[PDB]
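Asks: give me coordinates for this.
(chains A and B)
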Amino acid sequence: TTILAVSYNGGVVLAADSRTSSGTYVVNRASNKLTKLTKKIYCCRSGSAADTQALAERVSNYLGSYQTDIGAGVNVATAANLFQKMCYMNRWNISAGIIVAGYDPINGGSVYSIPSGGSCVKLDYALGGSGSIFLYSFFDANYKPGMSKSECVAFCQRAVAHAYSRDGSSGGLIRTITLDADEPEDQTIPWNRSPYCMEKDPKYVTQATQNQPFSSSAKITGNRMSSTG
Amino acid sequence: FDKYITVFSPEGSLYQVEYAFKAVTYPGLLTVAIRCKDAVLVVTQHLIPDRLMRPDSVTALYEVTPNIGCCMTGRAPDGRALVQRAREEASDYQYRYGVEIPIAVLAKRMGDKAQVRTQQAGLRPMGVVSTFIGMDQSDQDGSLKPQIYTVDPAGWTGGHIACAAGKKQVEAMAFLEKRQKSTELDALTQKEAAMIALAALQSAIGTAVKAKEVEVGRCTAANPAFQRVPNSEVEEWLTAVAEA
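Replies: Numbering: from 1, shown residues only, chains lettered A, B, ... in the order given. Here you go:
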């Protein structure tokens, strides 16, 4: 699983791969780990699909009740704080790396990582899931804050692609969603149009010279690819 | 003895329920709901005698869910209490079943809650007629259709084409019943239906209303969410009524 959420000026981009895996077999190839809580507050779900779906549905329902009774929009801080309480209360029972991210007119775009402990950290960008570990160095090097909405989406997609190229546990579609003052823009990049994969990267075309014909020289030529030669 | 607890009188009646119906009328406010081809309206008298009272604050109309509006007639705070129960009931339903509570179910569950307080001693009936309005998805074609469900203190739940609750409800119904012989009332445009509702209001209270002295709720097929109709749009309807 690879989930991330970066802030641009107006709002946020959540991005996620689409693979749930029972270890080494892909149970679902097209999961939607970007889970609506309110109109403009989503979470990205890493860990036990059961546990995060259950929390996301519980928190979505509390936020809907809350929004009805205050008769106003919900702040992302509220969604994050509810999600933290639940992820903390049950920290021993559940496996659930969450990123709450969204727009509210008070604080604009906000990102909250709620990792496995039930910490809630407010961040400019958050990484989550098995694939997160690949991106920390990618962000350190290539991420520049104060991106456009369009640049953030392109970057978030390029990020998720870099993670799911190396993480076995991540793969499939890259789902993004931009949350800002405007109507939410979801989009789904299929793997055959991903911004990066190792399979298409020219760096990794020439094969490792592992096989090597039986020769009268220590000169490494290439792989033996024909029994006649 | 019959009159103070929730027990049958010799003539098989629950006096405390009969009296909670009197609480609905006591505040002297009238509401009128009306269902048209593609929308429901609910019009509530919104009288603030105090110039020092903040108009924005005193509402008879509450949102129960995005897609179910409510209008409570009777003890304002009893109304407020039933909305909290309705919201609880709707939240709870959405969690249990993962879909918005249908208005006809919500209404029926609220009738169940009312009936309980007519059968268990020591709980006061909520002296309020709840008028839920909202679209309901037809399972035959998927088309939304407008619904009004009233719940009264007895627990009696009913769907309506039009209904009135409050001060002069008998006179406002008489007007809507007289206007139902002329027109179809379910073939009407939102504008035409609004005029009928506001005219029933006007007939029953016996005075022309300002757009300020009513608050109007609304669900349409186009926009199924319960909206408060802005005073501008109501002003157009009251000019349209006073002409014809």
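
Asks: tell me who's in contact with the nearest residue to residue B:36 once chain neighbours are set aside.
Replies: Using Cβ to Cβ, 6 or more residues apart in numbering or on different chains and skipping the chain neighbours, the partner closest in space to residue B:36 is residue B:193 (3.6 Å). For the C-beta atoms, the positions are set from N, CA and C on the backbone; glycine is no exception. Counting by Cβ atoms under 8 Å, 6 or more residues apart in numbering or on different chains, residue B:193 touches B:34-36, B:39, B:41, B:185.

Asks: A strand includes residue B:193, no?
Replies: No - with DSSP: H, G, I helix; E, B strand; the rest coil as the criterion, residue B:193 is located in helix rather than a strand.

Asks: remind me, longest helix of the chain?
Replies: Let's take chain A. What stands out as the longest helix in chain A, according to DSSP state H, is helix A:49-70.

Asks: the intended chain is chain B.
Replies: With residue count as the measure and DSSP H as the assignment, chain B has helix B:76-97 as its longest helix.

Asks: may I see the buried residues of that one?
Replies: B:78-79, B:82-83, B:85-87, B:89-91, B:93-94 (16 or more other Cβ atoms under 10 Å in any protein chain shown).

Asks: circling back: which of the residues in the longest helix of chain A are buried?
Replies: A:49, A:51-52, A:55-56, A:59-68.

Asks: do the same with stretch B:60-71
Replies: Judged by neighbour count (16+ other Cβ under 10 Å), stretch B:60-71 contains these buried residues: B:60-71.

Asks: tell me what angle the host helix or strand of residue A:35 forms with helix A:49-70.
Replies: When elements are assigned from DSSP states H and E, residue A:35 belongs to strand A:34-38. Between strand A:34-38 and helix A:49-70, the angle formed by their directions is 20 degrees, by axes from the mean of the first three to the mean of the last three Cα atoms, to 10 degrees.

Asks: ok, and does strand A:34-38 reach over to chain B?
Replies: No - contact of strand A:34-38 with chain B is not found when judged by Cβ under 8 Å from any Cβ of the partner chain; the minimum separation is 11.0 Å.

Asks: return the distance of the spatially closest residue to residue B:60 that is not a sequence neighbour relative to residue A:113.
Replies: Residue nearest to residue B:60 in three dimensions, not counting chain neighbours: residue B:44, with 3.9 Å by Cβ to Cβ, 6+ apart. Look at residue B:44 and residue A:113: by Cβ to Cβ, to the nearest Å, they are 46 Å apart.

Asks: would you confirm that residue B:75 contacts residue B:21?
Replies: No - counting by Cβ atoms under 8 Å, no contact exists between residue B:75 and residue B:21, whose distance comes to 11.9 Å.

Asks: what do these two both touch?
Replies: Taking Cβ under 8 Å, 6+ apart as the contact definition, residue B:75 and residue B:21 share the neighbouring residues residue B:127.

Asks: neighbour count winner among the two?
Replies: More neighbours sit around residue B:75 than around the other of residue B:75 and residue B:21, counting by other Cβ atoms under 10 Å in any protein chain shown; the figures are 20 against 16.

Asks: ok, that one to residue B:163 distance?
Replies: Relative to residue B:163, and taking Cβ to Cβ, residue B:75 is found at 19 Å.

Asks: so residue B:188 belongs to a helix, correct?
Replies: No - the assignment for residue B:188 by three-state DSSP gives coil, which leaves it out of any helix.

Asks: burial count for it?
Replies: Other residues near residue B:188 number 20, with proximity taken as other Cβ under 10 Å.

Asks: among the buried residues of helix A:49-70, which ones lie close to chain B?
Replies: A:61, A:64-65, A:68.

Asks: what's the nearest residue to the residue of chain A found nearest chain B if we skip its chain neighbours?
Replies: Taking Cβ to the nearest Cβ as the measure, the point where chain A comes nearest chain B is residue A:65, at 4.2 Å. Excluding the flanking residues, the one nearest residue A:65 by Cβ to Cβ, 6+ apart is residue B:91, at 4.2 Å.

Asks: mind listing what that neighbour touches?
Replies: Here residue B:91 is in contact with A:61, A:64-65, A:68 (Cβ under 8 Å, 6+ apart).

Asks: just checking, next helix/strand downstream of the longest helix of chain B?
Replies: Downstream of helix B:76-97, the first helix or strand assigned by DSSP H and E is helix B:103-119.

Asks: is the nearest residue to residue A:71 once chain neighbours are set aside in a helix, a strand, or coil?
Replies: Distances taken as Cβ to Cβ, 6+ apart put residue B:63 closest to residue A:71, at 6.9 Å, once the chain neighbours are dropped. Classification of residue B:63 by three-state DSSP places it in strand.
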